[PDB]
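A.B. asks: One structure coming up, written as structure tokens, with questions to follow.
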Amino acid sequence: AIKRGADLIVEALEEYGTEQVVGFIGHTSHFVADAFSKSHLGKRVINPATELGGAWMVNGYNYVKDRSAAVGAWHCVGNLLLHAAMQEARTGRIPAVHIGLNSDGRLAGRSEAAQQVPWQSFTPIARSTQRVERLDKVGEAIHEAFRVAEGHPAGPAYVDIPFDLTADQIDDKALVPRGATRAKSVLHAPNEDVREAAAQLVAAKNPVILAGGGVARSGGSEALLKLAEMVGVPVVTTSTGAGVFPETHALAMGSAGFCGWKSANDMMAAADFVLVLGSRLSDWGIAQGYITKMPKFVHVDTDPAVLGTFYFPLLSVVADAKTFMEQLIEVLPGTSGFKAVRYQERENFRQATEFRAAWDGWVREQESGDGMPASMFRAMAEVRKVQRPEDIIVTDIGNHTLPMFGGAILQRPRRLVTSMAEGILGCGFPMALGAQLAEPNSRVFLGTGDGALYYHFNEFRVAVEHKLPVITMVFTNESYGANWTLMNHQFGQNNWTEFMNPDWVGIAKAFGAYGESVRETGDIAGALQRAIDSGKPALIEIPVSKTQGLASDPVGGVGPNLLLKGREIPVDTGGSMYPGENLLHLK
Amino acid sequence: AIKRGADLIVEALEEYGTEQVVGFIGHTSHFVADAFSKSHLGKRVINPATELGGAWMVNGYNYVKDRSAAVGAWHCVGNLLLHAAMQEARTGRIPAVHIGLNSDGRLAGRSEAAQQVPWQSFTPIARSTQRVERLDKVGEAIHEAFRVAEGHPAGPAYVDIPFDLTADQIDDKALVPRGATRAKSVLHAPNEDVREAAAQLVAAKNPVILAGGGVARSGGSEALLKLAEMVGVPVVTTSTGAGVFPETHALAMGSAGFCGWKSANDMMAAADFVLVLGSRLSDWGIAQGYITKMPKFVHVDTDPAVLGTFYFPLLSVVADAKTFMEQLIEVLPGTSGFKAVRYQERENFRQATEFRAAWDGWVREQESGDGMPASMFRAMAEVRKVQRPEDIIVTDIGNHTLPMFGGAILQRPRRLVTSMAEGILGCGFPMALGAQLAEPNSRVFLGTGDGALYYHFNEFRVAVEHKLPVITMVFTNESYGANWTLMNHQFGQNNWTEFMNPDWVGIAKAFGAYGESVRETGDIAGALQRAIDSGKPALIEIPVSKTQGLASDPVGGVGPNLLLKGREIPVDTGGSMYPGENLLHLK
Amino acid sequence: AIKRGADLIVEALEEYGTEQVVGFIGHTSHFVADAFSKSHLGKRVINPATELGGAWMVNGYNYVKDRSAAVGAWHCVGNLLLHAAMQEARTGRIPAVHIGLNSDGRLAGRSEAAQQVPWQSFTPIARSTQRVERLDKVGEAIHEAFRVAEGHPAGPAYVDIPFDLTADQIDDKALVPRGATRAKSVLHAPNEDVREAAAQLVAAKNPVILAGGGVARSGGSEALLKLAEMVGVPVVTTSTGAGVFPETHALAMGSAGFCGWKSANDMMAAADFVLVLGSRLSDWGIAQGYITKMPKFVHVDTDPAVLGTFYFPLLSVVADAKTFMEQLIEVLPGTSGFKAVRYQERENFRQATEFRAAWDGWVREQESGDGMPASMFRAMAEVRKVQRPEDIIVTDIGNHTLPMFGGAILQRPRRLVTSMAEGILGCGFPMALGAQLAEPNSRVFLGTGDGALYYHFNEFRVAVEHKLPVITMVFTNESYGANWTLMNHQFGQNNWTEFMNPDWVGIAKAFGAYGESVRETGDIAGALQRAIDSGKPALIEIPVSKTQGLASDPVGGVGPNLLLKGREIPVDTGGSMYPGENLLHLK
Ligand SMILES: Cc1cc2nc3c(=O)[nH]c(=O)nc-3n(C[C@H](O)[C@H](O)[C@H](O)COP(=O)(O)OP(=O)(O)OC[C@H]3O[C@@H](n4cnc5c(N)ncnc54)[C@H](O)[C@@H]3O)c2cc1C
Ligand SMILES: Cc1cc2nc3c(=O)[nH]c(=O)nc-3n(C[C@H](O)[C@H](O)[C@H](O)COP(=O)(O)OP(=O)(O)OC[C@H]3O[C@@H](n4cnc5c(N)ncnc54)[C@H](O)[C@@H]3O)c2cc1C
Ligand SMILES: Cc1cc2nc3c(=O)[nH]c(=O)nc-3n(C[C@H](O)[C@H](O)[C@H](O)COP(=O)(O)OP(=O)(O)OC[C@H]3O[C@@H](n4cnc5c(N)ncnc54)[C@H](O)[C@@H]3O)c2cc1C
Ligand SMILES: Cc1ncc(C[n+]2csc(CCOP(=O)(O)OP(=O)(O)O)c2C)c(N)n1
Ligand SMILES: Cc1ncc(C[n+]2csc(CCOP(=O)(O)OP(=O)(O)O)c2C)c(N)n1
Ligand SMILES: Cc1ncc(C[n+]2csc(CCOP(=O)(O)OP(=O)(O)O)c2C)c(N)n1
Ligand SMILES: [Cl-]
Ligand SMILES: [Cl-]
Ligand SMILES: [Cl-]
Ligand SMILES: [Mg+2]
Ligand SMILES: [Mg+2]
Ligand SMILES: [Mg+2]
């Protein structure tokens with residue numbers, strides 16, 4: 001059948017499992033938008049206030065789904081706004097396909113052409129960058145994009161299509177590849193390696209299991225619970241793994257790292273052996289700026305590139321996390337020295353429970369005291385009273401990240417969302433909208449700084465039109481508070497940190513969202529109830545200090561090195577000069 | 001003397017003429033912010049709501065200054081938001097230096113590193129991209145950046161500096177290059193080329209002088225007035241040249257092009273010879289999608305690359321525009337066939353005056369729409385009543401661009417501002433703030449669509465804190481009106497074009513800006529008076545139709561070909577298959 | 001201890017298993033060469049006539065070793081010659097680390113600098129490209145290079161180090177990472193998948209096992225022999241897999257593809273099921289220009305990227321080839337319908353033996369006839385009389401490739417060497433020298449075209465000095481014979497194909513190599529004996545036809561499409577013009 005390139009693009013997106021399109025109109029995307037209006041997918045399209053806001057929605061949706069279920073489709077120059085969100089998708093392992101409709105291929109390369117997008121700008125960012133030259137390659141290019149995006153590692157794929165090809169027509173026989181294939185992901189470890197891990201767990205006096213985001217991607221919660229109880233070993237997570245182990249369990253230490261729980265950092269410092277499952281031991285994660293000292297450890301991952309790049313394990317294993325845990329459960333009875341004992345009776349139990357109890361007591365101290373300014377830990381204690389296991393916690397980047405992570409107590413995977421890998425400010429609100437679109441049965445609670453909310457609050461138009469009832473707490477301190485705090489310490493003076501806020505209640509109301517301030521009332525609990533009952537997106541203005549959180553609260557961190565110290569560097573030797581130095585010797 | 005890298009950066013920026021810093025804080029920019037606080041540039045640093053908003057401010061400031069007077073200084077991952085504004089600076093010939101402070105060079109290249117910015121993403125966009133490896137190269141790199149940015153062609157330079165080098169210290173002897181000078185820019189044409197151009201001008205029956213943005217950069221307004229009056233030749237401009245010739249003059253036809261004045265398009269269609277001065281004859285400028293038919297023409301530019309790339313001149317000349325005009329003025333009396341006659345008595349005068357009268361009559365007809373919705377041409381007629389010769393007109397991108405360009409009547413150069421080269425939506429409000437910073441005592445009037453204002457209205461924070469009294473008219477139609485209208489024409493249906501507005505007056509009030517709607521009154525005149533009286537940034541909501549402007553108003557354009565018609569393309573031949581086609585051959 | 005960067009580079013190369021250095025001197029590699037002279041590795045350095053010749057030696061060495069045992073070390077501008085060999089290493093899956101010593105980092109970025117190598121030229125070619133900015137990163141960068149080079153997929157890594165860092169000194173504590181870690185590669189398939197493969201083999205009426213180069217990397221020869229005999233299934237290879245199954249066995253069909261054995265192409269055309277092990281089903285391999293029709297197939301590979309990119313399998317499996325075969329051997333007794341029967345008694349045996357017998361008879365016909373010009377198949381029959389199982393066959397690219405592949409009958413893996421993935425002319429002689437260096441106990445026989453030998457015969461100085469007794473047959477036809485033959489057919493006329501040869505015997509003798517021509521004697525057998533007995537590198541000049549081989553001999557191929565047919569393409573529509581077309585409408 002004769003088909004337009006635009007129709008073929010939409011067919012290919014349908015073929016590879018697309019559910020949610022985030023699209024922006026312009027003449028180069030006109031044919032694609034018309035094709036979508038005639039398709040199943042057209043029913044769900046989101047048109048964001050800006051392309052970067054929309055790209056953040058794609059990231060939030062796909063982070064919680066672990067596949068490229070959301071896709072971007074963008075008119076030429078709007079692709080120029082994608083880079084920040086695309087970078088997070090790369091290092092944060094978020095599958096995400098973006099289709100850019102460039103200007104006419106006839107005009108490409110002319111020096112005075114308008115809107116000829118430099119697609120090569122994405123080469124260092126996307127895991128796959130393709131410029132489509134020919135109409136008969138559109139299906140093929142989209143097929144490749146999904147294959148790369150949904151691999152190990154997951155990440156973004158960008159496809160640049162000059163828009164004349166979307167208007168052009170061709171016979172469609174076999175053009176869109178049908179019935180795309182996939183190998184099982186349940187990669188099994190060699191039995192020798194499973195035996196070695198079991199022997200190390202037995203021998204250890206105070207072992208820990210460290211579960212990262214790969215346990216979530218693997219679907220390994222059930223196996224992890226069975227394993228941890230069988231051996232009686234405390235469980236630490238990364239921030240993307242939090243919730244794969246119920247965080248109310250006696251063996252739950254929480255997340256290690258600089259915005260994590262002190263119980264987890266205490267356990268990592270005490271442990272004589274770690275079993276690492278599905279973690280990349282990253283800079284702003286377990287490595288803490290490449291300062292953390294790891295105990296001897298076994299490292300199990302599906303991506304060989306993460307194994308041994310920086311921390312050299314005792315034993316490295318390429319395997320699926322769930323599968324490896326199941327193999328270990330089978331081998332343990334039978335391992336020399338293993339005995340079945342209730343975890344509460346193991347010799348290492350008291351230590352771990354003491355670490356957790358000390359952390360819980362400190363958290364309760366931070367929750368104490370009503371009135372203003374509010375403690376962000378108290379705000380999260382109020383959320384917990386109305387929070388269900390399926391509900392999602394979102395944060396932005398700042399002082400506030402630490403209380404959001406410390407007050408999030410999670411029972412299911414993929415319930416904690418931010419720009420994890422790159423710490424890109426402004427992510428929180430649009431990622432929360434993407435997560436809400438993906439998980440319509442979840443309540444989504446966002447704790448955002450004021451400096452953060454400034455970026456993409458224009459997306460309230462999406463939240464209101466599409467009935468996405470995110471509950472946003474905007475923590476106001478009229479500052480980039482992490483930076484105020486750190487610069488005061490570093491230099492004795494903050495600079496570039498202070499700003500004015502609008503009346504955020506008035507902003508919300510101007511969009512038809514629910515708005516309430518607790519500046520005068522302190523009534524966080526009531527505001528949450530009213531926000532929830534409204535059925536609207538909501539904004540609750542909560543004054544906080546400039547200093548509470550990341551830059552100040554002690555959680556047992558060792559890094560990263562935000563307050564780097566300079567070194568005195570020698571000048572160059574040899575006779576070569578600086579530019580312009582000729583004039584100093586005589587002109 | 002031993003100095004920190006951050007201090008050396010500030011010294012280099014001061015040496016090369018920086019007047020205004022737009023900066024965003026984070027740990028990687030802490031030392032640079034601290035160093036700026038010790039400089040006279042500190043007192044008035046602009047900290048924008050987002051880095052892309054700030055990069056648009058840099059563009060607006062530098063467009064009106066014709067040098068890199070404003071500079072950007074950005075914490076690592078915030079650099080990822082620069083690309084759209086940087087692309088406009090490249091093709092739009094806006095000098096602009098951006099300093100990106102990357103993460104620690106010690107950590108660069110580690111696969112699980114956080115915030116290691118891919119500076120190579122700028123290579124296809126900036127005119128100069130440099131990664132500084134060594135502290136002793138910081139002065140040298142900044143010297144190079146200004147050299148490239150302020151050359152011919154002008155454009156953006158990006159300098160990536162790992163922030164450890166900003167904390168490190170070194171002896172400073174000769175390190176910052178001092179006393180840089182440029183060659184004079186007053187390039188003279190060969191006398192024979194001047195004589196040939198004079199002979200063509202005098203021989204032509206219906207000549208035109210086409211003056212582009214290069215006449216503004218050259219400072220050629222006085223020479224252009226003398227030349228046009230001496231020979232009695234109508235003047236057409238590009239949109240960046242508008243205002244170099246007073247647009248109230250009898251010989252002023254206005255700007256040619258698809259959002260220009262019909263008088264100019266009429267004149268270009270009638271002309272038998274064109275003298276092109278300081279224009280690149282671009283796609284969305286004079287070329288109109290490479291459809292415009294140029295008469296025989298002489299082409300004078302400082303950049304050899306624009307001469308003969310697409311339109312082949314009768315004679316190409318490398319020269320400064322002002323200088324070439326002065327040369328021509330000198331040779332005209334000695335040119336056979338030249339006679340000194342008042343311009344009003346030349347044979348070609350009546351034709352040109354008829355074209356201008358017909359255009360002016362059409363514009364007047366558009367000023368009497370006079371209901372709700374209001375006419376955008378009426379809004380500009382009201383602006384003109386309170387507009388001085390030094391005041392600046394800004395627009396965004398949409399249906400509204402055409403009435404903004406058509407209602408702008410200018411007497412001085414560099415008074416019309418937008419994303420000229422790339423048409424990037426959202427530019428208008430932050431570019432207007434940048435222009436206002438550059439010229440504190442000029443009045444700045446912005447006409448913006450609603451879809452456009454959605455992008456960067458977060459920068460009201462800057463406008464209110466810094467008391468930048470930009471007068472913004474938001475034209476409301478609850479749509480991307482150009483797209484609504486044109487899709488209805490192309491397909492019989494529009495898709496992706498409609499959205500809800502907030503209460504824009506309420507948004508302004510929530511920020512502390514002046515806000516008023518004329519929906520019930522039509523009182524644009526009174527709203528402008530009250531907005532000006534306020535002394536604040538102002539937002540005036542003006543309801544408009546979905547269709548008025550670019551999509552519906554004929555101005556004699558021929559292109560560009562954006563509603564392109566597809567072609568039927570043959571399938572490939574030979575035996576090669578599509579991916580997945582193997583399955584189709586199984587029996 | 002205080003160490004120079006040069007000393008640290010050599011320590012790191014030793015740490016990660018380097019055996020063979022191929023290095024080229026110049027001031028930027030002076031410190032590195034001095035450091036090598038004080039190391040174990042210095043004893044084995046090869047200094048090639050050119051850097052591209054040396055890079056081909058690295059490829060030949062590492063192709064046969066399956067690890068980056070050979071490394072390149074190059075003075076600045078000599079790195080500019082690496083790209084061709086580096087590209088083969090990428091697509092041909094050859095591990096290969098190259099260390100480039102650039103010019104002084106102080107001078108980098110200066111516009112009029114000499115010998116500042118553009119290392120970014122390698123970004124699209126190497127699997128890893130690193131520019132080292134800091135002395136304390138030299139060990140780290142080299143560690144990363146080996147990790148990427150020796151992964152799945154294997155490939156080249158390039159490290160660019162400004163040479164000042166090689167002269168600079170630093171305390172060495174912990175700087176070179178010690179005890180680099182690695183996971184086992186014996187990846188096991190899910191038992192369900194092994195069961196499915198067994199069920200498909202049972203059900204099939206005339207199955208085939210297709211073994212590629214991954215079976216060689218895996219070390220799977222023993223398992224493949226046991227499997228093939230147990231099920232009684234014919235074995236086809238790719239050209240990099242040839243020799244993993246003894247090619248004198250009754251079940252050996254040889255290599256499929258356009259330069260392969262007709263018995264293998266016949267079997268692939270007849271088969272109702274294929275088990276593909278360790279093949280990427282490549283363009284100039286099994287795909288034959290994406291024309292080959294695959295029967296339903298199971299595809300087993302360690303690299304998920306090759307699985308389903310173009311040919312969609314019935315079942316895709318991520319597993320090590322040897323391991324998967326061992327799993328299959330265990331499950332087969334017990335699979336419904338499996339019965340133990342001698343392979344000679346299976347119903348499918350006669351068909352396969354008939355295909356092999358027909359091919360062998362055709363090969364014997366091509367060997368018949370002595371005298372001149374010689375048949376290249378007869379030359380290979382003469383080699384076979386003096387060829388041991390450990391010996392290596394090398395070819396270059398041309399008509400001659402087909403008889404080299406068809407006359408190579410191999411019993412062990414990694415005995416067939418060329419530029420497999422990219423077909424880069426000239427590879428053969430230097431790859432043969434690299435293979436000889438790696439396998440000093442092998443006799444190495446090269447069959448090279450004359451056009452090919454012209455490239456790197458300058459490397460005879462290496463062969464003679466280092467006593468590398470490669471036996472080279474130069475097939476003379478005074479032509480690029482593949483192109484003469486194909487162009488005569490395509491156009492009726494050859495162009496750019498003919499050239500003169502030197503007296504190749506005189507060339508060999510001028511280098512101190514053994515030289516002999518059979519132009520007058522026809523005595524191939526005697527020349528081989530004399531060449532072998534000389535103990536020198538040898539060159540035997542053998543006249544051949546312009547036409548025999550790739551471009552003419554029928555081996556059952558279907559592609560690739562060398563003689564592509566053009567299509568008539570429509571002109572563009574719309575009014576836009578070509579550059580310069582303005583002058584045709586009136587100037
Ligand atoms: C301000 C801020 C503060 C932060 N604070 C912390 C903190 O305190 N603690 C913290 O941990 N992080 C923190 N982060 C997040 C951190 O930067 C990283 O994003 C995070 O630690 C990475 O998690 P991960 O190691 O589990 O790997 P992920 O990025 O989640 O990647 C998944 C890993 O699992 C592997 N994998 C995927 N699927 C499977 C499978 N089926 N089986 C096996 N392996 C699989 C992948 O190959 C990869 O190695 C912070 C971020 C910011 C911006
Ligand atoms: C929605 C939209 C509608 C538009 N409609 C129009 C329209 O109707 N008409 C129109 O003209 N544009 C229009 N534009 C703008 C257009 O895209 C270009 O930005 C503009 O036409 C370029 O102007 P220019 O040719 O004068 O060159 P500029 O981009 O202003 O560049 C300056 C030129 O002068 C040269 N130069 C610089 N200094 C000197 C010197 N000292 N002496 C000599 N030469 C010098 C430079 O080398 C260069 O060639 C539109 C843009 C948009 C987004
Ligand atoms: C002139 C010319 C003619 C040619 N003619 C032919 C021809 O007739 N026939 C032919 O076959 N080729 C031919 N070639 C070579 C061809 O271009 C390819 O180089 C070759 O076919 C690729 O072999 P392969 O598919 O086995 O994969 P390789 O390139 O050998 O790659 C190895 C594959 O095995 C996988 N792998 C690696 N280790 C393991 C492991 N442990 N377990 C499982 N999988 C593993 C890899 O991921 C990869 O998919 C020709 C080349 C030229 C230049
Ligand atoms: C795009 C971007 N720009 C700047 C930063 C630097 N940064 C990190 S945290 C932070 C403070 C954010 O302020 P806010 O959201 O108010 O949070 P607070 O620190 O006050 O809790 C900043 C500016 C960043 N990470 N990303
Ligand atoms: C970043 C970006 N995204 C999308 C577009 C495509 N575009 C061009 S004009 C336009 C309409 C803008 O709407 P508005 O500002 O309301 O103006 P109107 O057409 O209603 O006058 C759009 C979406 C663009 N040029 N840039
Ligand atoms: C670098 C390079 N240049 C050119 C070619 C194209 N090419 C492929 S085969 C061939 C013929 C080589 O001639 P020769 O070595 O004499 O072999 P013959 O065809 O005569 O057997 C040529 C020119 C190539 N593959 N690589
Ligand atoms: Cl547009
Ligand atoms: Cl940050
Ligand atoms: Cl040299
Ligand atoms: Mg804040
Ligand atoms: Mg609008
Ligand atoms: Mg030849």
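All residue names refer to the structure tokens as shown: chains lettered A, B, ... in order, residues numbered from 1 in each chain, ligands numbered from 1 in order.
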Taking only C-alpha atoms and all ligand atoms into account, which residues have an atom no farther than 9 Å from ligand 4? I'd like them as a VMD selection string.
C.D. replies: (chain A and resid 84 396 to 402 422 to 427 448 to 455 474 to 485 497 544 to 551) or (chain B and resid 24 to 29 50 to 51 74 to 81 115)
A.B. asks: Counting only C-alpha atoms and all ligand atoms, name the residues that have an atom within 7 Å of an atom of ligand 3; the answer should be given as a PyMOL selection string.
C.D. replies: chain C and resi 91-93+152-153+185+211-215+217-218+237-241+255-260+277-286+300-303+306+319-322+397-398+401+419-423
A.B. asks: Which residue out of A:527, A:418, A:310, A:542 has the minimum interatomic distance to residue 376 of chain A when only C-alpha atoms are used?
C.D. replies: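 The closest residue to residue 376 of chain A is A:542.
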A.B. asks: Find the nearest atom pair between each residue of chain B and chain C for residues within 8 Å, count only C-alpha atoms, give distances in Å to one decimal, sort rows by chain and ascending number, and present the table as a tab-separated table.
C.D. replies:
```
residue	atom	partner	partner_atom	distance
B:105	CA	C:133	CA	8.0
B:106	CA	C:137	CA	7.4
B:109	CA	C:130	CA	7.7
B:130	CA	C:109	CA	7.8
B:133	CA	C:133	CA	5.6
B:134	CA	C:106	CA	7.8
B:137	CA	C:106	CA	7.4
B:289	CA	C:576	CA	6.4
B:290	CA	C:576	CA	5.0
B:291	CA	C:576	CA	4.5
B:293	CA	C:582	CA	6.3
B:294	CA	C:582	CA	6.4
B:295	CA	C:587	CA	5.4
B:296	CA	C:587	CA	3.9
B:297	CA	C:587	CA	7.3
B:309	CA	C:579	CA	7.1
B:310	CA	C:579	CA	4.4
B:311	CA	C:580	CA	5.6
B:312	CA	C:580	CA	5.3
B:313	CA	C:587	CA	8.0
B:314	CA	C:587	CA	7.2
B:561	CA	C:574	CA	6.9
B:564	CA	C:574	CA	7.2
B:565	CA	C:574	CA	7.4
B:567	CA	C:573	CA	7.6
B:569	CA	C:570	CA	7.6
B:570	CA	C:569	CA	7.5
B:572	CA	C:567	CA	7.9
B:573	CA	C:565	CA	7.5
B:574	CA	C:565	CA	7.3
B:575	CA	C:291	CA	5.4
B:576	CA	C:291	CA	4.6
B:577	CA	C:290	CA	5.8
B:578	CA	C:310	CA	7.6
B:579	CA	C:310	CA	4.4
B:580	CA	C:312	CA	5.3
B:581	CA	C:311	CA	7.6
B:582	CA	C:293	CA	6.0
B:583	CA	C:312	CA	6.9
B:585	CA	C:293	CA	7.3
B:586	CA	C:295	CA	6.9
```
A.B. asks: What does the distance from atom CA of residue 34 of chain C to atom CA of residue 20 of chain C come to in Å, to one decimal?
C.D. replies: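 Calculated distance between atom CA of residue 34 of chain C and atom CA of residue 20 of chain C is 16.3 Å.
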A.B. asks: Hey, what does DSSP flag as helix (DSSP H, G or I) within segment 233-423 of chain A? Can you give it to me as an MDAnalysis selection string?
C.D. replies: chainID A and resid 262:270 304:306 321:331 343:345 349:367 376:385 401:407
A.B. asks: When you look at segment 350-362 of chain C with a cut-off of 8 Å (counting only C-alpha atoms), what residues show up, excluding the ones that are within fewer than 4 positions of it in the same chain? I need them as a short mmCIF file (atom, residue, chain, number, x, y, z; two decimals) with N, CA, C and O atoms, in the first residue's frame.
C.D. replies:
```
data_model
loop_
_atom_site.label_atom_id
_atom_site.label_comp_id
_atom_site.auth_asym_id
_atom_site.auth_seq_id
_atom_site.Cartn_x
_atom_site.Cartn_y
_atom_site.Cartn_z
N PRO C 234 25.07 -31.76 9.50
CA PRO C 234 26.18 -31.10 8.81
C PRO C 234 26.53 -29.73 9.42
O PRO C 234 25.68 -29.04 9.96
N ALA C 250 33.38 -35.98 7.25
CA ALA C 250 32.24 -36.25 6.40
C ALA C 250 31.09 -35.25 6.52
O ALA C 250 30.36 -35.03 5.54
N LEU C 251 30.91 -34.66 7.71
CA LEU C 251 29.84 -33.70 7.95
C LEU C 251 30.25 -32.25 7.64
O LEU C 251 29.41 -31.33 7.76
N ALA C 252 31.51 -32.03 7.24
CA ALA C 252 32.02 -30.66 6.99
C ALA C 252 31.59 -30.20 5.60
O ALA C 252 32.01 -30.77 4.58
N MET C 253 30.76 -29.16 5.56
CA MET C 253 30.38 -28.55 4.30
C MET C 253 31.24 -27.36 3.90
O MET C 253 31.14 -26.84 2.77
N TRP C 261 32.43 -22.16 0.00
CA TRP C 261 32.35 -23.46 -0.68
C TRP C 261 30.92 -23.73 -1.12
O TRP C 261 29.98 -23.54 -0.37
N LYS C 262 30.76 -24.22 -2.36
CA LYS C 262 29.41 -24.43 -2.86
C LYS C 262 28.66 -25.47 -2.06
O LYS C 262 27.43 -25.38 -1.95
N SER C 263 29.38 -26.43 -1.46
CA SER C 263 28.68 -27.39 -0.62
C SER C 263 27.94 -26.75 0.54
O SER C 263 26.85 -27.17 0.93
N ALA C 264 28.55 -25.71 1.14
CA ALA C 264 27.93 -24.98 2.23
C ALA C 264 26.73 -24.13 1.77
O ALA C 264 25.69 -24.09 2.43
N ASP C 266 24.94 -24.78 -0.91
CA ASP C 266 23.93 -25.79 -1.25
C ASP C 266 23.18 -26.26 0.03
O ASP C 266 21.93 -26.33 0.08
N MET C 267 23.94 -26.54 1.08
CA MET C 267 23.32 -27.01 2.34
C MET C 267 22.45 -25.93 2.97
O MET C 267 21.34 -26.21 3.45
N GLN C 366 39.51 -27.58 -10.90
CA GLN C 366 40.22 -26.28 -10.97
C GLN C 366 41.71 -26.44 -10.71
O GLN C 366 42.53 -25.57 -11.06
#
```
A.B. asks: Report as a tab-separated table: every residue of chain B with an atom at most 10 Å from ligand 1, its closest pair of atoms, and their distance in Å to one decimal, counting only C-alpha atoms and all ligand atoms, with rows sorted by chain and ascending residue number.
C.D. replies:
```
residue	atom	partner	partner_atom_place_in_ligand_line	distance
B:112	CA	ligand 1	22 (C)	8.5
B:113	CA	ligand 1	17 (O)	8.4
B:114	CA	ligand 1	17 (O)	6.5
B:115	CA	ligand 1	53 (C)	9.1
```
A.B. asks: Could you please determine the separation between atom CA of residue 230 of chain A and atom CA of residue 331 of chain A in Å, to one decimal place?
C.D. replies: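 Atom-to-atom, atom CA of residue 230 of chain A to atom CA of residue 331 of chain A, that is 11.8 Å.
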A.B. asks: May I have the residues within 9 Å of residue 337 of chain B as a ChimeraX atom specification, using only C-alpha atoms and disregarding those fewer than 4 positions away in the same chain?
C.D. replies: /B:199,202-203
A.B. asks: Between atom CA of residue 365 of chain C and atom 1 (Mg, counted along the ligand's line) of ligand 12, what is the spacing in Å?
C.D. replies: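 Taking atom 1 (Mg, counted along the ligand's line) of ligand 12 and atom CA of residue 365 of chain C, their separation equals 22.5 Å.
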A.B. asks: Counting only C-alpha atoms, which residue out of B:495, B:472, B:128, B:336 sits closest to residue 517 of chain B?
C.D. replies: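 Under the stated criterion, the closest residue is B:472.
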A.B. asks: With a distance cut-off of 9 Å and only C-alpha atoms, select the neighbouring residues of residue 180 of chain B, excluding the residue or stretch itself and same-chain residues fewer than 2 positions from it, and output the selection as a list in words.
C.D. replies: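 The filter keeps residues 580 of chain A; 15, 16, 143, 177, 178 and 182 of chain B.
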A.B. asks: Using only C-alpha atoms, determine which residues lie at most 8 Å from segment 501-512 of chain A, disregarding the query and same-chain residues fewer than 2 positions distant; provide the list as a PyMOL selection string.
C.D. replies: (chain A and resi 450+460-461+464+476+478+499+514-517+538-541) or (chain B and resi 461+501-504+506-507+510-512)
A.B. asks: What lies within 9 Å of residue 57 of chain C using only C-alpha atoms, ignoring chain neighbours under 5 positions off, as a PyMOL selection string?
C.D. replies: chain C and resi 22+48+52+62+70+427+429-435+437
A.B. asks: Going by DSSP on the backbone, which residues of segment 206-358 of chain B come out as strand (DSSP E)? List them as a list in words.
C.D. replies: residues 207, 208, 209, 210, 211, 235, 236, 237, 252, 253, 254, 255, 273, 274, 275, 276, 277, 297, 298, 299, 300, 301, 315, 316, 317 and 318 of chain B
